[PDB]
Every structure is written in C-alpha cells, then in structure tokens.
Protein chains: 2
Amino acid sequence: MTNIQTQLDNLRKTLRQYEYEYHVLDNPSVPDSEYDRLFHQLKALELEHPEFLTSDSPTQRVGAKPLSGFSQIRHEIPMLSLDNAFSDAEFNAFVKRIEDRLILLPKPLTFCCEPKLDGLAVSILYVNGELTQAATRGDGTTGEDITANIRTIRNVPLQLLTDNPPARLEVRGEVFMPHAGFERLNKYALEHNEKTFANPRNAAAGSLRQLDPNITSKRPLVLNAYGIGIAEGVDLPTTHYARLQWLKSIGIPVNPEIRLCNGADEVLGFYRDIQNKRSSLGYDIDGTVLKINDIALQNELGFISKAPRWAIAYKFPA
Amino acid sequence: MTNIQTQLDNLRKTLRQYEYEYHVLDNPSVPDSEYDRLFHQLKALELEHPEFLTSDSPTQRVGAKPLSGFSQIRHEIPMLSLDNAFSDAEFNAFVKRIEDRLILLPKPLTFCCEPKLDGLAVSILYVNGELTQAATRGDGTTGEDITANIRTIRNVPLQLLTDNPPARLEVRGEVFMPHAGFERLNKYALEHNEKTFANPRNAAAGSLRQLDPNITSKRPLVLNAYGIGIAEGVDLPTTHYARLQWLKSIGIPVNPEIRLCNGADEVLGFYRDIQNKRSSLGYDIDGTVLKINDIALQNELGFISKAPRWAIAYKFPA
Ligand SMILES: Cc1ccc(Cn2cc(C(N)=O)ccc2=O)c(C)c1
Ligand SMILES: Cc1ccc(Cn2cc(C(N)=O)ccc2=O)c(C)c1
Ligand SMILES: O=C(O)c1ccc2cccc(O)c2n1
Ligand SMILES: O=C(O)c1ccc2cccc(O)c2n1
C-alpha cells in the first residue's frame, strides 16, 4: 500500500461518481469547478507517477495519436432495423395484428415507449465492466471500429458503475449532438473560418468518422442507450423498461422521456405528448419507438426477415 | 445448308414444343411414344454428326461426369423471405395496415393468390433465351451453383420459347417432388435395398444436393416459377399475374391454381378453396401466398428489412 495509489483510487472513484450524477442523473452534487479541481489533480498525479496510470482512468479518454484507418468489426449479434408507421390507423393495425398473432393476449398489453433520436447507431462492449470496443451499426452485420472516438464521449463510462459487472455486456445506442452543442460548434466553425454542418445528425456522423480522437473530443456528442446485445454473466430483467433502468443504475446513459403505456390509446397519448414536447427537448427526434414491454412476448413474436410489405404467406393450421 | 442440319433443327423445335405442351399446358398433342420416337432419333443423329451437337439441345440435359463440389454464387438481386400469417383476423389486420399505409387505396384492392409449395427455392438465369446458370436460394444473398442438377428437371426449358428472348432473365421458383413421383421413388429405393425419404420436401432437397447429375435425373423433380429477378431487354407487365402469364407464354412452368381476388373476403375464399383442394392437388402445399397484384403499389409499399415484430417506430409527419 502507498498513499499515492490510494489518493488515485479515491480520485477516480469520486470523479466517476460525479460524472454519473452530472451526465446520467442530471443532478450533479458539486459545481463544475469542483469536478475540474479533482480532474486535473488526478491528471497531474498520474503524470508524476506513471506506474499507476490506468487505461480506463477518467483522464484517459483521448488517444494522443490520430488513427490511419478504421478496422471492420462483424457483430456477434446482428443489429436490426425497425418497422415504421405513419398514422394512428396504421399503428392501431400493427397492434391488432400482434393481438391476434399472440397465443395468450394479456390484459393490459404494455408497451415501453421512447423518443426516436435522429443519430448514429453504435454498439459498445464492456468486458468485466471495462469499455474495450465500440462499433458503428454499418449494414447491421459489419461496422467500423470507432472505439477511440466513442471513448471521447463524456457521458460514456469507461468503467461500469457496479462492483459485480457482467462478464460481457454489449450496450446499443445512438450517438447524437444536442441543439446547444450543434449551435456552439457552428459559431466556432464560422469564427475559425471552417465549414458548417447542415444539421445535428450530419454533425454527429461527421464527428464519429474523424480519424483523430482529438477532433471528436471537441465535438459535443452524447450517447443514449436503447438496447443490449451480448449479456454474459448476468440475469437480465424480464421487461424491456426494467432492462433500461438496470443499464442506468450501472452508469449507462438512458433517455429520461421513456414511459410505460397500457394499450394503444395510451401509446397514442404518449406519441402526442412527445410530439408536443419537441419544441422543448433540446435535441432532434424523428418519432417514437414503441415496443412490447414483456420479454417473453417479444421472444414469442420474434423477427421478420428482409421481406416485401406487399406479400404474405397465410399458412394452414395443422 | 445441309439436310442433316435442317433435320436436327426441325427435331429440336418439335421436341421443345411437345415438352411445352406436355409439361406447361398439361395438354400434349402426341402420345409419349411419339415424343420418344423423335427424341432418340435426334439423339442418334447428333451422335452420328457431332459437329452439329448443341449444349441446349433436348438430349443434353444430363452431364455424363459427376461433379466434385458446388461453387458459391452471390445473387445480383437478393432473394427475400415472406412475412406469414396464421388466421383470418391476422390476414385482415395485414390488409387493413396496407389500406391506411397506401397514399391512394384503389377500389378494388386486387391480390394475386397462389398455393405455397413445400419446396426448394432456386434462381435460374437465361442469357438471350439459353439456360446458363441456376442457384439455390441459400441464405438469400449467396447460394450454391446447381446448374447441372437443374438442367435435368424435365419441365425446365433449356431454351426459352420465344424468337425475341430478353437479354437476361432470371426466373425464381420452387423445385418440388409430386406425390406420385415420391411414392414411385420410395418403392424403387425399397425394391433396390436403399434408404427411403421421409417426405417429398426432404426427397427434393436431397436430389438437388447430389453431385452426380445422373442421380438427379432419375429423381422426379418439378419446377414451379413464382417470380422474376433480373430482367434486361424487356418490358415486364405492370401486374404480377400478367408477369406470370408472360413467363408461361415463353415456356416457363407456372402453377395453374393461381387466381386474382378483389379484397380480403375474396382472398379468404381462395384460401378456403385451396385448403379444400389439398386432398386433390397431388403435391404438398403449406398455405397460400397472397400478393398485391399492381406493381406500382408493390414498389410504393416496398420492403421491411430484418426487424422485430414486437417494435415499431411511429414517425412524425413533416
Ligand atoms: C470546467 C468544466 C468542468 C466540468 C464540466 C461538466 N461536468 C461537471 C461535472 C460535475 N459538476 O460534477 C461532472 C462532469 C462534467 O463534465 C464543464 C461543462 C466544465
Ligand atoms: C417414354 C416416355 C416419353 C415421354 C414421357 C413424357 N413426355 C411426353 C411428351 C409428349 N407426350 O409430348 C413430352 C415430354 C415428356 O417427357 C414419358 C413419361 C415417357
Ligand atoms: O432491435 C432493437 O431493439 C432495435 C433496433 C434498432 C433500433 C433503433 C432505434 C431505437 C431502438 O430502440 C432500436 N431497437
Ligand atoms: O420476393 C418475392 O416475391 C418472393 C419471395 C419468396 C417467395 C417464396 C414463395 C413464393 C413466393 O411467391 C415468394 N416470393
């Protein structure tokens, strides 16, 4: 044991907890200045005692050397797309089809509802709580390794906040740029005679394809987690909402507008609520994502492979 | 000009036409014996004058040498899967969803309805009317080259029956084994102390994975064409039924139980009709395939990529 190793451990623990409170809870317990006091105290100590420098320390987000080219990653579990709807009648027809397709339709039929963000789909791997890899969705089967870029995102934890993390946990989410950050960036680009971005989605997409992590770090990107891929060494909750609440309780940023709605008319109320809140969110959204909440019902319903919307095979009963 | 070249041309033309009448029209104009008289007259002449032997002649279906291994083919256009339904209520919900998803719902809403065969999905390429390649569906993106096996199928034309064939035409269909053929095969297998097949689908699947075309030829396989992939140098009809009628008019076998039905209640009548005819078809079917008939409406509706059935993105209108 040494005093300096204990001082580093305590600084890192404290700093990870303040990041959680600021980014995930939106209720920091100390001012920004106090966080910064400790952050550069940790950075200086680590540089004066490099023997105790760790790769997942809060001061190690930015890789000092720009990359040459992104490697390709094949997803262990593929990243699927979502079916879409454009009207209440269409959504009602979607629910009516699930209602008769299910063996036993429960009363109520609960949905986990969230805003649909206008961002870049990513997959982030934590091995025994530590961030080791991150990838773009790409075509859903193969993507680009953007680990160094993802590590610069301030609300992305380099270490899960739990003493017993899963053996492996793959978090899926969307990287986006909030309005305030997007406006700030364009004022900086114009003030420094550089090109501007047409919209927040283009700015986020451009920031994630930078080969220099130092540029990505200056871009105000935010992750919002909406799913889980691989999950080894853990008993995931049996509802989709409980799984998102579990991600949040271990340090992962999740959207705070997520709700549970019983039946189509409540789900339609949420859609109109979110539609009315658009002017006040501070980030771009394209719609709402409505999912069956009960996990056993999702498994029972399953997936639809790449198929035309204009054909259907009405099979005979045995 | 030579007498023997004219005699070969006339024999081939005649034999291709009798094959069309026997296999596609199910109305042969001559007895089986007359067809055979000409078939082995052509075979003998070709062997006595090998200078005039053509690769697409009716006597050239079976490659004399067994293959070593099937090469892999990547489909230019991917082979999609079908969404499925299991009840009238579910089918009605599927139509109601298309009804509101369409910009302009016509009156009537016509469907091209067919039996769903229990067979092996294949893709067959004709280049300037001649059969050059055939492939298994495989995963929908890549399959196995089964050209030599497909060439042995009696109802598959080696040459399209048209003086102006498309530059390239890819026919999509299912290879199956009718009941009478399946029963015959198992009596032969049992009489020759060999293994039997559990059902016609397993027998068809086993026959198409034979590396020896000589074995496939002894297996009574039938093609039924249900679609078109590549179609260059042709103006395909603007309805799905007209496209199937066009395939049939150029020599391609198409199922004769295909009908047009206006609206869901007529489509449901077809399903019950086919369900009642099952006992009398002479081949296995699993259900019915119901497609929007108008091609512009199919294009408007489009496809659904690999997605969960339990989620939907209700997007906001602009
Ligand atoms: C100078 C400075 C320091 C920190 C921050 C924001 N912030 C604050 C905390 C905090 N309050 O616990 C935690 C993490 C974080 O990133 C800004 C914008 C500027
Ligand atoms: C001996 C023999 C010859 C032909 C056939 C069947 N068949 C008949 C014709 C025909 N009638 O024009 C055309 C093609 C064909 O394959 C069988 C089963 C047996
Ligand atoms: O497979 C999924 O659950 C899935 C796939 C794609 C998505 C895109 C946006 C939001 C989601 O919840 C998504 N969820
Ligand atoms: O993409 C298609 O049209 C398609 C795809 C797969 C099929 C399987 C059986 C019958 C069909 O008409 C099929 N059609």
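Residues numbered from 1 in each chain as written, not as in the entry; some residues may be left out. Chains lettered and ligands numbered in written order. Heavy atoms only, no water. Residues with missing side-chain atoms left out of burial classes, pairs and counts.

Structure determination for this PDB entry is given in the record as X-ray crystallography, at a resolution of 2.10 Å.

### Considerations on the pattern of salt bridges
As enumerated under the stated definition, the model contains 30 salt bridges over all chains in all. A salt bridge links B:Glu34 to B:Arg37; the shortest N-O distance between them is 2.9 Å. Taken as a pair, B:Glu34 and B:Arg37 lie in helix α2 (residues 32-48) at a separation of three residues, close to a single helical turn. Take B:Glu34: its relative accessible area is 24%, and that puts it in the partly exposed class. The closest approach of N and O atoms between B:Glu99 and B:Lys96, which form a salt bridge, is 3.5 Å. Residue B:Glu99 and its partner B:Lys96 are located together in helix α3 (residues 88-101), separated by three residues, close to a single helical turn. Using a relative accessible area of 41% as the deciding quantity, one classes B:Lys96 as partly exposed. Each of A:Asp83, A:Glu90, A:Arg309, B:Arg97 and B:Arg101 takes part in salt bridges that share partners, so that together they form one network. (Salt bridge = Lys/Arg side-chain N within 4 Å of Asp/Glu carboxyl O. Helix = DSSP H or I, 4+ residues; strand = E, 2+ residues; numbered from the N terminus. Buried < 20%, exposed > 50% of the residue type's maximum accessible area, 1.4 Å probe, protein only.)

### Observations regarding the UniProt feature "active site" in chain A
Under the present numbering, the feature "active site" in UniProt falls on A:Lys116. Counting through the fold element by element, A:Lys116 comes out in strand β3 (residues 110-117). Here A:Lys116 is in contact with A:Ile285, A:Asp286, A:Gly287, A:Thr288, A:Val289, B:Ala313 and B:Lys315, once residues within four sequence places are set aside. (UniProt positions renumbered as here; feature names shortened; annotations may be inferred. Contact = heavy atoms within 4.5 Å.)

### Some details on the interface of chain B and chain A
Every contact between the two is made by 51 residues of chain B and, on the other side, 51 residues of chain A. It is B:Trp310, B:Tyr314 and B:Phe316 in chain B that bury the most area against chain A; as a group they hold 19% of the surface buried on that side. The tally of links between chain B and chain A comes to six salt bridges. Across the pair B:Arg101 and A:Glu90 runs a salt bridge whose closest N-O atoms are separated by 2.8 Å. Breaking the side of chain B that touches chain A down by element, the ones donating at least two residues are β2 (84-85), α3, α9 (264-277), β10 (285-292), α10 (295-301), β11 (303-304), β12 (307-308) and β13 (311-315) of chain B. Its residues placed into classes, the side of chain B that touches chain A shows 28 nonpolar, nine polar and 14 charged. Alignment of strand β13 (residues 311-315) of chain A against β10(B), held across five bridges, turns out to be antiparallel. Paired with A:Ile312 across the two strands is B:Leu290, which belongs to β10(B). (Buried area = accessible area lost by both parts, 1.4 Å probe. Nonpolar A, V, L, I, M, F, W, Y, C, P; charged D, E, K, R; others polar. Pairing = 2+ DSSP bridges.)

### Some details on the domain arrangement of chain A
Residues and elements named next belong to chain A. Split into domains, chain A comes out as domain 1 (1-61), domain 2 (81-118 + 254-318) and domain 3 (120-253). Distance from the C-alpha centre of domain 1 to the C-alpha centre of domain 3: 21 Å. At the junction of the two partners, domain 1 supplies 11 residues and domain 3 supplies 17 residues. Of all residues in domain 1, the largest losses of buried area upon contact with domain 3 belong to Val-24, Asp-56 and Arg-61, amounting jointly to 55% of the total for that side. Inspection of the region where domain 1 meets domain 3 yields zero salt bridges. Here domain 1 and domain 3 share 10 residue pairs in polar contact between them. Of the residues that constitute the side of domain 1 that touches domain 3, the class distribution is three nonpolar, five polar and three charged. (Domains from an automatic or database assignment. Polar contact = N/O pair within 3.5 Å; in protein donor to acceptor, adjacent residues only side chain to side chain.)

### Considering the site of ligand 3
Residues in contact with ligand 3, as listed here, are A:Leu80, A:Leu82, A:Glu114, A:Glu174, A:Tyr226, A:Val289, A:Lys291 and B:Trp310. The separation between an oxygen atom of ligand 3 and a polar side-chain atom of A:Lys291 is 2.8 Å. Burial of ligand 3 by the protein amounts to 83% of the accessible area it has alone, namely 330 Å². Of the residues assigned to the shell around ligand 3, the class counts are five nonpolar, no polar and three charged. (Near = heavy atom within 4 Å. Areas by Shrake-Rupley, 256 points an atom, 1.4 Å probe, with all protein chains shown as cover.)

### Focus: the site of ligand 2
Residue and element names in this part refer to chain B. Near ligand 2 you find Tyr-18, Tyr-22, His-23, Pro-28, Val-30, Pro-31, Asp-32 and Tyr-35, and these make up its full shell. Taking 460 Å² as the accessible area of ligand 2 by itself, protein coverage stands at 69%. Elements supplying a minimum of two residues to the shell around ligand 2: α1 (3-24) and α2. Ranked by residues supplied to the shell around ligand 2, first place goes to α1 with three residues. For the shell around ligand 2, the residue count by class is six nonpolar, one polar and one charged.

### Section: the sheet that holds strand β3 (residues 110-117) of chain B
Across the sheet, which stays open at both edges, the five strands sit in the order β2(B)-β13(A)-β10(B)-β3(B)-β9(B) with mixed pairing between neighbours. Taken across any chain shown, the strands that pair with only one partner, and hence form the sheet edges, are β2 and β9 (259-262) of chain B. Along the sheet face, helix α8 (residues 240-249) of chain B touches β3, β9 and β10 of chain B and points at about 50° away from the line of β3(B). (Axes fitted to C-alpha atoms, helices over the stretch in contact; angles between N-to-C directions.)

### Points about α1(B)
All names here are of chain B. The end-to-end C-alpha distance of α1 is 31 Å, a good match for the 32 Å that 22 residues give at a rise of 1.5 Å each. For α1, the full list of buried residues reads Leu-8, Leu-11, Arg-12, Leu-15, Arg-16, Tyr-18, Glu-19, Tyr-20, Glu-21 and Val-24. In this fold, the buried residues of α1 make contact with α2 and α8. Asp-26 lies just past α1 and shows a positive phi near 55°. (Expected span 1.5 Å × (residues − 1).)

### Structural notes on the relation of the copies chain B and chain A
Overlaying chain B on chain A yields an RMSD of 0.0 Å, the required transformation being a rotation through 180° with an accompanying axial translation of 0.0 Å. Seen this way, the second copy is the image of the first under a two-fold rotation axis. When C-alpha positions in chain B are compared against the rotation axis, the closest is assigned to B:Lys306, at 2.3 Å. Most of the interface of chain B is mirrored in chain A: 100% of its interface residues are interface residues there too. (Least-squares fit on C-alpha atoms.)

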